[PDB]
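> Need the 3D shape of this:
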Amino acid sequence: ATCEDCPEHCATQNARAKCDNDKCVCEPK
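Numbers count the residues shown, from 1 in each chain. Take a look at the structure below.
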């Protein structure tokens, strides 16, 4: 469900992002 609004949010710390129960977390840079 639009985890396209999430992929920037773990860039906040290390990473990029995908795609948790519906609110998402990291990929590498």
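> So what sits opposite residue 25 in the bridge?
Under DSSP bridges, the beta-bridge partners of residue 25 are residue 18.
> quick one: contacts for the residue nearest the centre of the chain?
In the chain, the residue lying closest to the centroid (C-alpha atoms, centre = their mean) is residue 17, at 2.4 Å. Neighbouring residues of residue 17 by C-beta atoms under 8 Å, 6 or more residues apart in numbering: 3, 6, 7, 8, 9, 10, 11, 24, 25, 26, 27. C-betas here are computed from N, CA, C, even on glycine.
> again, only this time at 6 Å
Listed by C-beta atoms under 6 Å, 6 or more residues apart in numbering, the contact set of residue 17 reads 6, 7, 9, 10, 24, 25, 26, 27.
> Show me just the buried residues among the residues you listed.
6, 7, 9, 10, 24, 26 (16 or more other C-beta atoms under 10 Å).
> how about the strands in this structure?
For the chain, applying DSSP state E gives strands covering 16-18, 25-27.
> Against which helices or strands is the last one packed?
Think strand 25-27. Strand 25-27 sits against strand 16-18, with contacts defined as 3 or more C-beta pairs under 6 Å, 6 or more residues apart in numbering; DSSP states H and E.
> Distance from the chain centre to the strand it packs on, please.
Distance of strand 16-18 from the chain centroid (C-alpha atoms, centre = their mean, to the nearest Å) equals 3 Å.
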